[PDB]
Amino acid sequence: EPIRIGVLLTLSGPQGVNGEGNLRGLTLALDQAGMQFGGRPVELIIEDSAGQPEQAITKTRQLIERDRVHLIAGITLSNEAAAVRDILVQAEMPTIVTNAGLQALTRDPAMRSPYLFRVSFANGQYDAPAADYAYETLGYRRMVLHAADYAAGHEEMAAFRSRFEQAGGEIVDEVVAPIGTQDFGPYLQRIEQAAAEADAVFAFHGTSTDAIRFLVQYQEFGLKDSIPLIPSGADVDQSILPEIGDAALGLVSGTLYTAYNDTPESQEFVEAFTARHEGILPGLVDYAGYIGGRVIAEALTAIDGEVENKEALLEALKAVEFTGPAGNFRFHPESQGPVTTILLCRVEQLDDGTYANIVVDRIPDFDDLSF
Ligand SMILES: [Cl-]
Ligand SMILES: [Cl-]
Ligand SMILES: [Cl-]
Ligand SMILES: [Cl-]
Ligand SMILES: [Cl-]
Ligand SMILES: [Cl-]
Ligand SMILES: [Cl-]
Ligand SMILES: [Cl-]
Ligand SMILES: [Zn+2]
Ligand SMILES: [Zn+2]
Ligand SMILES: [Zn+2]
Ligand SMILES: [Zn+2]
Ligand SMILES: [Zn+2]
Ligand SMILES: [Zn+2]
Ligand SMILES: [Zn+2]
Ligand SMILES: [Zn+2]
Ligand SMILES: [Zn+2]
Ligand SMILES: [Zn+2]
Ligand SMILES: [Zn+2]
Ligand SMILES: [Zn+2]
Ligand SMILES: [Zn+2]
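Residues numbered from 1 in each chain as written, not as in the entry; some residues may be left out. Chains lettered and ligands numbered in written order. Heavy atoms only, no water.

In the PDB header, X-ray crystallography is given as the technique by which the entry was determined, and 2.2400 Å as its resolution.

**Student:** Teacher, can you tell me more about the coordination of the zinc ion (ligand 12) here?
**Tutor:** Each angle at a metal carrying four tetrahedral donors should ideally be 109.5 degrees, and each at a metal carrying six octahedral donors should ideally be 90 or 180 degrees. Looking at the zinc ion (ligand 12), the protein donor atoms are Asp149 (OD) and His154 (NE2), and they sit 2.0 to 2.2 Å from it. Judged by its relative accessible area of 42%, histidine 154 falls in the partly exposed class. (Donors = N, O, S within 2.8 Å, 3.2 Å for Na, K, Ca; no water. Buried < 20%, exposed > 50% of the residue type's maximum accessible area, 1.4 Å probe, protein only.)

**Student:** Just to check I follow, could you spell out the pairing of strand β7 (residues 142-148) for this structure?
**Tutor:** For a regular strand, side chains alternate in direction, first toward one face of the sheet and then toward the other. With six of seven residues buried, β7 lies mostly within the body of the structure. In terms of strand pairing, β7 meets strand β8 (residues 170-177) through seven bridges, oriented parallel. Opposite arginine 142, over in β8, you have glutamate 170 as the bridge partner. With respect to chirality, the unit in which β7 leads through helix α6 (residues 151-166) into the neighbouring parallel β8 is right-handed. Here β7 pairs with strand β9 (residues 200-204) via five bridges, running parallel. If you follow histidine 146 over to β9, its bridge partner there is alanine 203. (Helix = DSSP H or I, 4+ residues; strand = E, 2+ residues; numbered from the N terminus. Pairing = 2+ DSSP bridges. Right-handed = clockwise from strand over helix to strand, strands pointing away.)

**Student:** Would you take a moment to explain the domain arrangement of the chain for this structure?
**Tutor:** Often, the extent of an interface is quoted as the loss of accessible area upon association of its parts. Partitioning the chain into domains gives domain 1 (1-121 + 262-340) and domain 2 (122-261 + 341-371). Computed over C-alpha atoms, the centres of domain 1 and domain 2 are 27 Å apart. On the domain 2 side, the residues contacting the 31 residues of domain 1 number 30 residues. Between domain 1 and domain 2, a total of about 2,500 Å² is buried, with carbon and sulfur atoms accounting for 53% of that surface. When the buried surface of domain 1 facing domain 2 is broken down by residue, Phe121, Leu284 and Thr340 rank first, second and third, together holding 27% of it. Where domain 1 meets domain 2, there are two salt bridges. A salt bridge links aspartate 262 to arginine 362; the nearest nitrogen and oxygen atoms lie 2.7 Å apart. (Domains from an automatic or database assignment. Contact = heavy atoms within 4.5 Å. Buried area = accessible area lost by both parts, 1.4 Å probe. Salt bridge = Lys/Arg side-chain N within 4 Å of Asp/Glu carboxyl O.)

**Student:** Looking at this structure, how should I read the packing of helix α1 (residues 16-32) against helix α11 (residues 284-302)?
**Tutor:** Geometry of a packed helix pair, given as the angle between the helix axes and the separation of the axes. At a closest axis distance of 6 Å, the pairing of α1 and α11 adopts a crossing angle of 40°. For α1 against α11, the interelement crossing comes out right-handed. From α1, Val17, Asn18, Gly21, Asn22, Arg24, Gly25, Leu26, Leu28, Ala29, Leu30 and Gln32 reach across to α11, where they touch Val285, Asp286, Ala288, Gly289, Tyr290, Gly292, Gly293, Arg294, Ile296 and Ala297. Broken down by class, the residue content of the contact of α1 with α11 amounts to 10 nonpolar, eight polar and three charged. (Axes fitted to C-alpha atoms, helices over the stretch in contact; angles between N-to-C directions. Left-handed = near helix turned anticlockwise from the far one by under 90°. Nonpolar A, V, L, I, M, F, W, Y, C, P; charged D, E, K, R; others polar.)

**Student:** How should I be thinking about the environment of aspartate 127 in this particular structure?
**Tutor:** Mapping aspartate 127 onto the fold places it in the loop between β6 (116-118) and α5 (128-136). Take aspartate 127: its relative accessible area is 0%, and that puts it in the buried class. For the pair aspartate 127 and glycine 324, spaced 197 residues apart in the sequence, the C-alpha separation amounts to 19 Å. Residues contacting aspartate 127, with those up to four places away along its chain left out, are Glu156, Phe160, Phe202, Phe204, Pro231, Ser232, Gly233 and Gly254. Here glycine 233 takes part through its backbone nitrogen, which lies 3.1 Å from a polar atom of the side chain of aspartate 127. (Polar contact = N/O pair within 3.5 Å; in protein donor to acceptor, adjacent residues only side chain to side chain.)

**Student:** Would you mind going over the side chain of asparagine 99 with me for this structure?
**Tutor:** Assignment of secondary structure puts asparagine 99 in the loop between β5 (95-97) and α4 (104-107). A distance of 2.8 Å separates a polar side-chain atom of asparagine 99 from the backbone oxygen of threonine 76. In this structure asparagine 99 touches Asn18, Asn22, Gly74, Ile75, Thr76, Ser120, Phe121 and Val285, once residues within four positions along its chain are discounted.

Printed below as a string of structure tokens:
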């Protein structure tokens, strides 16, 4: 009778804030759907991976072997994804990835699988349209790239470069800074110098204290006044927008979602989210969890809960389509990553003092293969 769904997330340690966001979005979607399908109650079995590959393995083995779940959602870190991929595939377990943006998982034909779906992004996917915007609308021809020095950072630089290069632009330098950098001074100076022969900078750190320290120092050091900057959408996420504030004002970025999107489905998700979370606005990770849950809900509805029929479950997941809070969402038929609407936004200040990502332009049907 019950429909058992495993959720593997990083819910403690410094990455726990991301898993928590995913879990809020996911449960909100399953609750709007009533937590039952075809007369069958859902039960979520939640396991914390603590951001650790070996614990991700243990947890994943347990949900499959002990808990006998019919589906797994989540996976916070790319290193956790890489460590459990083979287990999920060998077990023929339908899996909905809500965060881990590891490019290979959908883009490399050897890592992909019909059991793996991704509803968040491949790294770089929501930033790459900002490179089109930089070339086509802003007139930039030569850019400097900067990122925190880890895998997602490299992949975001590469995705940005690829689109900027395809439009006819050129990348003059890449500047990388270690994770947990306190003084961005030296990296800022290097960026300044590269930008003598450049029109603008793109920077990614993820939604992190790195991002806060970088943006704030970018302005304080004087570069905001002189060198246009396109932050990653992660770097101006809602959760940290109040602490940047003034440093990101007027900056344009690509993003997956903002609570200020002026569509009815976005307004409905903000209302249901804020009613549940004491006025707090949903951000990126909440959004991505929500799409996870809606996908599951739409697939389960279509097969009337007959979740043990894996063939029908997979065919139903492949066919899922709806208007979500960012726009229309579906899966690429070959990568099973997202084909979705990317929002180009600018940070603005509202009349009450609040900082907001405001939508200036939309790129529909942007897939994870086009960069
Ligand atoms: Cl082009
Ligand atoms: Cl062109
Ligand atoms: Cl919250
Ligand atoms: Cl909460
Ligand atoms: Cl569509
Ligand atoms: Cl569309
Ligand atoms: Cl395509
Ligand atoms: Cl394509
Ligand atoms: Zn139970
Ligand atoms: Zn447990
Ligand atoms: Zn392998
Ligand atoms: Zn590196
Ligand atoms: Zn063009
Ligand atoms: Zn210094
Ligand atoms: Zn200088
Ligand atoms: Zn609706
Ligand atoms: Zn809350
Ligand atoms: Zn094809
Ligand atoms: Zn347009
Ligand atoms: Zn479309
Ligand atoms: Zn395409």
